[PDB]
$ cat upload14.cif   # mmCIF, C-alpha atoms
data_upload
loop_
_atom_site.label_atom_id
_atom_site.label_comp_id
_atom_site.auth_asym_id
_atom_site.auth_seq_id
_atom_site.Cartn_x
_atom_site.Cartn_y
_atom_site.Cartn_z
CA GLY A 1 -60.80 192.70 18.25
CA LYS A 2 -62.08 189.15 17.79
CA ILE A 3 -61.77 188.67 14.04
CA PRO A 4 -60.17 185.63 12.33
CA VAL A 5 -56.77 187.19 11.70
CA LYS A 6 -55.23 183.91 10.58
CA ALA A 7 -58.21 183.68 8.23
CA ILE A 8 -57.85 187.10 6.64
CA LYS A 9 -54.18 186.34 6.12
CA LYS A 10 -54.66 182.86 4.71
CA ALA A 11 -57.24 184.55 2.51
CA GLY A 12 -54.74 186.82 0.83
CA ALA A 13 -52.75 183.62 0.43
CA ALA A 14 -55.45 181.83 -1.57
CA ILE A 15 -55.75 184.73 -4.01
CA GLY A 16 -52.00 185.20 -4.20
CA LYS A 17 -51.35 181.48 -4.57
CA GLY A 18 -53.86 181.28 -7.40
CA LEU A 19 -52.32 184.00 -9.55
CA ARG A 20 -48.85 182.96 -8.40
CA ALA A 21 -49.37 179.34 -9.43
CA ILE A 22 -50.40 180.49 -12.90
CA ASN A 23 -47.50 182.95 -12.90
CA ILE A 24 -44.69 180.54 -12.06
CA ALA A 25 -46.26 178.14 -14.54
CA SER A 26 -46.47 180.65 -17.36
CA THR A 27 -42.85 181.43 -16.48
CA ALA A 28 -41.53 177.89 -16.88
CA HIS A 29 -42.47 177.71 -20.56
CA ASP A 30 -41.24 181.25 -21.15
CA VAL A 31 -37.99 180.62 -19.30
CA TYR A 32 -37.57 177.11 -20.69
CA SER A 33 -38.00 178.79 -24.07
CA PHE A 34 -35.23 181.38 -23.91
CA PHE A 35 -33.42 178.77 -21.80
CA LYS A 36 -31.61 176.51 -24.30
CA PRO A 37 -28.82 179.08 -24.92
CA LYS A 38 -28.38 179.16 -21.15
CA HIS A 39 -29.64 175.99 -19.49
CA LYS A 40 -27.44 174.32 -16.88
CA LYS A 41 -23.87 173.02 -17.12
CA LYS A 42 -25.36 169.65 -18.08
#
$ encode --input "upload14.cif" --output "structure tokens"
Amino acid sequence: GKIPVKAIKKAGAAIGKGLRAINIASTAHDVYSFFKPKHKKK
């Protein structure tokens, strides 16, 4: 009916962005770790 739909959505975005932010971050060190052998052309 008349319930903040854009609010309930943005809500799942705040919780997903929180864990996501910590995810992608915890992935950079893990990826940058096994990286070396791979890394980029330069």
$ axis_aligned_box --input "upload14.cif" --around "segment 16-34 of chain A" --padding-each-side "5 Å" --output "AutoDock Vina command-line options"
--center_x -44.5 --center_y 181.2 --center_z -14.1 --size_x 28.6 --size_y 18.1 --size_z 29.9
$ atom_distance --input "upload14.cif" --atom1 "atom CA of residue 36 of chain A" --atom2 "atom CA of residue 22 of chain A"
22.3 Å
$ atom_distance --input "upload14.cif" --atom1 "atom CA of residue 26 of chain A" --atom2 "atom CA of residue 7 of chain A"
28.3 Å
$ atom_distance --input "upload14.cif" --atom1 "atom CA of residue 25 of chain A" --atom2 "atom CA of residue 37 of chain A"
20.3 Å
$ decode --input "upload14.cif" --residues "chain A" --atoms "C-alpha atoms" --output "PDB file, in the first residue's frame"
ATOM      1  CA  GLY A   1       0.000   0.000   0.000  1.00  0.00           C
ATOM      2  CA  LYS A   2       1.621   3.198   1.251  1.00  0.00           C
ATOM      3  CA  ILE A   3       4.900   1.916   2.686  1.00  0.00           C
ATOM      4  CA  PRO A   4       8.351   3.424   1.969  1.00  0.00           C
ATOM      5  CA  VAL A   5       9.386   0.963  -0.728  1.00  0.00           C
ATOM      6  CA  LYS A   6      12.476   2.946  -1.659  1.00  0.00           C
ATOM      7  CA  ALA A   7      13.265   2.864   2.056  1.00  0.00           C
ATOM      8  CA  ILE A   8      12.939  -0.874   2.550  1.00  0.00           C
ATOM      9  CA  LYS A   9      15.148  -1.348  -0.494  1.00  0.00           C
ATOM     10  CA  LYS A  10      17.784   1.183   0.488  1.00  0.00           C
ATOM     11  CA  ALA A  11      17.656  -0.599   3.839  1.00  0.00           C
ATOM     12  CA  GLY A  12      18.802  -3.907   2.441  1.00  0.00           C
ATOM     13  CA  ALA A  13      21.472  -1.792   0.775  1.00  0.00           C
ATOM     14  CA  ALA A  14      22.868  -0.433   4.040  1.00  0.00           C
ATOM     15  CA  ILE A  15      23.211  -3.924   5.500  1.00  0.00           C
ATOM     16  CA  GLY A  16      24.577  -5.342   2.269  1.00  0.00           C
ATOM     17  CA  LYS A  17      26.961  -2.438   1.760  1.00  0.00           C
ATOM     18  CA  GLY A  18      28.284  -2.865   5.283  1.00  0.00           C
ATOM     19  CA  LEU A  19      29.211  -6.531   4.968  1.00  0.00           C
ATOM     20  CA  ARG A  20      30.169  -5.992   1.333  1.00  0.00           C
ATOM     21  CA  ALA A  21      32.563  -3.162   2.175  1.00  0.00           C
ATOM     22  CA  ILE A  22      34.299  -5.403   4.701  1.00  0.00           C
ATOM     23  CA  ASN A  23      34.196  -8.255   2.195  1.00  0.00           C
ATOM     24  CA  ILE A  24      35.818  -6.499  -0.751  1.00  0.00           C
ATOM     25  CA  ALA A  25      38.341  -5.093   1.712  1.00  0.00           C
ATOM     26  CA  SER A  26      39.201  -8.441   3.258  1.00  0.00           C
ATOM     27  CA  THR A  27      39.524  -9.632  -0.347  1.00  0.00           C
ATOM     28  CA  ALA A  28      42.110  -7.056  -1.425  1.00  0.00           C
ATOM     29  CA  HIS A  29      44.691  -8.248   1.092  1.00  0.00           C
ATOM     30  CA  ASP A  30      43.871 -11.886   0.361  1.00  0.00           C
ATOM     31  CA  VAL A  31      44.002 -11.341  -3.386  1.00  0.00           C
ATOM     32  CA  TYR A  32      46.986  -9.005  -3.216  1.00  0.00           C
ATOM     33  CA  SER A  33      48.617 -11.812  -1.247  1.00  0.00           C
ATOM     34  CA  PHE A  34      48.271 -14.668  -3.721  1.00  0.00           C
ATOM     35  CA  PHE A  35      48.623 -11.946  -6.354  1.00  0.00           C
ATOM     36  CA  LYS A  36      52.394 -11.504  -6.880  1.00  0.00           C
ATOM     37  CA  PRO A  37      52.680 -14.692  -9.009  1.00  0.00           C
ATOM     38  CA  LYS A  38      49.872 -13.249 -11.125  1.00  0.00           C
ATOM     39  CA  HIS A  39      49.668  -9.463 -10.840  1.00  0.00           C
ATOM     40  CA  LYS A  40      49.320  -7.434 -14.040  1.00  0.00           C
ATOM     41  CA  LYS A  41      51.531  -7.297 -17.129  1.00  0.00           C
ATOM     42  CA  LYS A  42      53.369  -4.414 -15.455  1.00  0.00           C
TER      43      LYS A  42
END
